[PDB]
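See structure below.
Computed from the coordinates by the stated procedures, all read-outs in this text should not be read as laboratory data. Heads up, the Cβs are rebuilt from the backbone with ideal geometry, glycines too, and the neighbour counts pull from every protein chain shown.
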C-alpha cells in the first residue's frame, strides 16, 4: 500500500501526459531499455507515440477501472480500461495491461508496444484508411437548392503557353479583357512564390456560359460548394472554408482535407451536413500484412436539410432592398414558417468559399454598412410600429378608449416642465386624435400620453405576455428581446419612449414577426419556424380577441385612407393591413439623426403571409414602404 499507491500515481501521470499530447513527458516515466524492462529508449517511445497517435489523430485519452497489484518484489502489474477519440470515432472499451518497476524511490513503467494499442507486439505497424463523406445539401420548402456541391468551371492560365516576351503581354490583356478580370492581377498570380513555368495558376470561376479561351487560358472543371442564390441568402446560409490543422485538434472527426461551415446554417448544421468519415484503423504485422482491426465503418454522407425558405421570396426580398442597409422577414403567420430572411448589404459566398483575395475581404469588413451582419438576428428598437402592441395592451386593460379623442396642439409635447428640453415629436399636426387617427397618421404623442396614463405596471403586465426574455428555438444565433436594461424604467421619459417603440427596447426582426403574429391569429402568438419538419408551436391568449378585431380594421385604413402612411401600397389593389414606423437613433460616428424606417404588413383576409421590413440608417426620401411593392405582390399570389 505504501508503494502500491505510488504506483497508481505513476499510471495516472503517464495516462495524463498522453492525454495532454506531451509524449516526451510520458516517455521519461519509463524504465531503461532492456528485456525485462522497456522495449524502446526515450526518443524511440516518443517517435512511436507521435507517429501512431498523430496519424490516427488520437485525442482525449481517459481511463477507468484501474487496478494495481504486485507480481514480484520490485514489479507491480497494472491494468485499466480506456477510451480515446480518433479520426474514425471512439475507441470504447480498451483493455490495457503492463508492469511497473519499483527500483529505488522512483516508480517507472516497463513500456511495451501494447501500451499504444492493446494487441500490439514488437515491430507492429498501424495503418489508417479514410474515405471522405460528401457534404449534404440545403434546400428550400419546394426542393430548390440553396447550398449544394457541384461542378464549377475554373479559369486559369499556364505561363509556358503564354509567350516568351511581348506576346505574353498581349495575351494577359486578351484574357483580362475577355473574362472581367483585373489586368494587374493576372500578372501577379503567375508571379507568386509557388508558381512554376509549366504550372496551372487558377484565376476566376466562370458562373454562366464560357467565352473563347485566348492564348494561355484553359478551363478545368472542379467540384466545390455552390450557392445558387448568392448574396441574396449569404447571411442566412453562410459559407464553408478549408479545415485547418487547429480545427482537427478541436474535433478529430473532421476530414483532414474537407470543408467546415464558418457561419450561418453551414456552421450551425455542420454536424448534420458533413456526415461521418468512413474507413478502417487496423494493426498490421511487420511485413505490412493486416492483423487486427480496431475501428471500421462505411462512409455515411451528410443528410439534406429542408428549410421553410422560399427561394423566390428570398431573392425578391433581398433585391427590393437595393443594396441599402436593412432587412426583410416574410412569414406565414398561422404556422410560423419563415419564407424569407434577407439582410442587405451582403457578401458573395461563392467568391468567399472558392478563394477570395485579402483586398476584397478587407472591403467587406471595412464597409461601414457591415455586410457580414445578419440583420434579421440583430436587436433593434422596433420603432413606432410598436404602437400596435402598446395599443392592444391599452385596449385589454381598458386604459385606451377607441372613440375617445385627445386634443394635441403642435408637433412637440412633454408631460410636465420637469422633462427639461425633451419632447415627444410627431410628424402630422392633427388636432383631434383618437386611436384610429393615431394609427393612420402614426402619431407618437398619442401613444406617449396613453402610455403614461396606462402606467408602468399595467404596461409591463401586457408586455410580459409576449416573448421578452425567451430564447427562440431556431438555428440562428441571436439574443433574447428585452423591454429595457433593468426590470424598471425609473423614468417617465423612458416609459413614454417605450410606448411608441423607442427607449431601451431591443427586438430583432425575427422576434418582431413573432410578436406581430398575434394580429393574424386572433391574439395567439405563433413562434417562428425555420426547419420544414418542425411542429408548429404557439402561445395562446397574448392579447384579447377584442383588441385584434379593433386594431386590424384600423390597420386597413393605414393603407386605404388617403392620408395613411402606407397609402402607396393601395396601388397593389390587394387586401392589405399595414403599419409603418420610424426610429431615431443617435450614433456618435457623425453626430446626426440616423433614422430607421420600418414596415409591417400582412393579409387581413386569409392571414396567408406576414412581412416585416426595415431600412437601417435610411437615406433621405427613402422608406421601407417604397420598396415592399414587389414582395407583397408575390406573397399575395402564392400564399393565400
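Numbers for the structure displayed
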item: Label-point separation in nm, residue 55 to residue 194, each point 7 Å along Cα→Cβ; result: 2.6
item: Gain upon complete extension [residue 256, residue 70; 0.36 nm per residue less C-alpha separation]; result: 62.6 nm
item: Once the Cα gyration tensor of region 179-261 is diagonalised, semi-axes √(5λ) in Å; result: 29, 20, 12
item: Cα radius of gyration and Dmax for region 311-638 (Å); result: 19.4, 64
item: Protection proxy ranking of 107-120, 515-528 - average other beta-carbon atoms within 10 Å, highest first; result: 515-528, 107-120
item: Contact order normalised by residue count of region 311-638, Cα under 8 Å, 6+ apart, percent; result: 22
item: Two-decimal Rg/Rh across region 104-148, once Rg and the Kirkwood Rh are taken from alpha-carbon atoms; result: 1.53
item: Cα-based Rg / Dmax (Å) for region 533-640; result: 16.1, 48
item: Principal axis dimensions, region 71-173 - Cα atoms, whole angstrom, descending; result: 85, 53, 25
item: Structure-based [θ]222 nm, the chain - -39500 (n - 2.57) summed over DSSP H runs of at least 4, per residue, nearest 500; result: -7500 deg cm²/dmol
item: Crossing angle, helix 311-320 versus the chain [Cα axis fit, 0-90 degrees, rounded to tens]; result: 60
item: C-alpha center-to-center spacing [region 441-480, region 70-117] in angstrom; result: 63
item: Mean separation of Cα contacts under 8 Å (6+ apart) over length of region 1-131, as relative contact order %; result: 23
item: Computed log₁₀ I(q)/I(0) - Debye formula, equal Cα scatterers, no solvent, region 1-131, q 0.13, 0.20 Å⁻¹; result: -0.51, -1.23
item: Span from the region 494-568 Cα centroid across to the region 594-636 one, whole angstrom; result: 14
item: Rg to Rh quotient for region 450-562, alpha carbon positions, Kirkwood Rh; result: 0.99
item: Rounded to 10°, Cα long-axis angle of helix 545-560 versus longest principal axis of the chain; result: 80
item: Estimated distance in nm for a label pair at residue 142 and residue 12, the labels positioned 7 Å out from Cα along Cα-to-Cβ; result: 6.5
item: Ranked packing of 40-47, 226-233, most packed first, by mean Cβ within 10 Å; result: 226-233, 40-47
item: Percent of beta bridges antiparallel (DSSP, region 311-638, rounded to nearest 5); result: 95
item: Nitroxide proxy distance, nm - points 7 Å out along Cα→Cβ at residue 471 and residue 206; result: 4.9
item: Whole-percent pair-distance distribution, where bins are 10 Å wide, for the alpha carbons of the chain; result: 3, 13, 18, 16, 14, 13, 11, 7, 3, 1, 0
item: Whole-number percent relative contact order across the chain, with pairs defined as alpha carbons under 8 Å at least 6 apart; result: 11
item: Cα-derived Rg over Rh, computed across region 413-470 with Rh taken as Kirkwood radius; result: 1.04
